[PDB]
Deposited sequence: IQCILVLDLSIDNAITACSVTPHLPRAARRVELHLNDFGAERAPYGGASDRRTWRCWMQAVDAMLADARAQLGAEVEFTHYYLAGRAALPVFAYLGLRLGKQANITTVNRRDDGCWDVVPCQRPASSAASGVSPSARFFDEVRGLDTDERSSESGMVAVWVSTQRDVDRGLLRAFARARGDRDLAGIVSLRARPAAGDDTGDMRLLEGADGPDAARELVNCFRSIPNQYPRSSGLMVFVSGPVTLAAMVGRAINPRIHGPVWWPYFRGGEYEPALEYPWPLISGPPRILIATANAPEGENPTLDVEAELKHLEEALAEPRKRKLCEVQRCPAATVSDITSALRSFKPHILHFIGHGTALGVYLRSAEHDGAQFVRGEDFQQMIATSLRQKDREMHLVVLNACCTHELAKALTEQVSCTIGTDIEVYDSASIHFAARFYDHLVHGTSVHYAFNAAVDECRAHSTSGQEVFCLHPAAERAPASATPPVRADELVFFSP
């Protein structure tokens, strides 16, 4: 029982569910949905240019999810979800938060070399650097937490300082960075590959990090999440966040070497 959500918003290289199906297992029931069927108009390279378009995409994702659960009916606790499409990382992160951690989430993305990576977020050390939380004390500074999750780029904290300055929140509560170094002997440079074997383990590590965050920073009042890498990571990080504990949550967009604000739940 599968319900594919194809997040097609790129004008350049769009994919339809027809590219998703040959890598999916056998389906007793299959549901097709695209985001373009719900009023979210397309944008270049999967990223919007205005706050209005980001809000339209947010409400369109909400409408997609409402239609998906209404069409699936009562077996929505039996549906193994699948994620694909080519849009920005904040959109995948927002959908991953909206589904929550209980649902079965699998993400299909296409690599740089034609291999199609299918990766589950649950079962049927990846993050070598875990810093900002591996101390023992409890911070007393109010503000908002900036979380850097990436697989290709080490943390440049000055960008986080400048982005926090840009949005009026003059004080960040703390910086947490989770990054995977590539294994020795791998020829991928600074990038750590994300196969299907190492998916649920990294999902579990992200889960263990994200509700241990208020243990380390109980004084804080929100989360900024900065994501660099594949969209599987974006949906993975979205699945990790619990909005009732951590809210509000921000996902900014990286354009032109600078960070621009993209999605804020609630709006």
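Stretches of the deposited sequence absent from the structure, as judged by C-alpha coordinates, are 125-136, 280-496.
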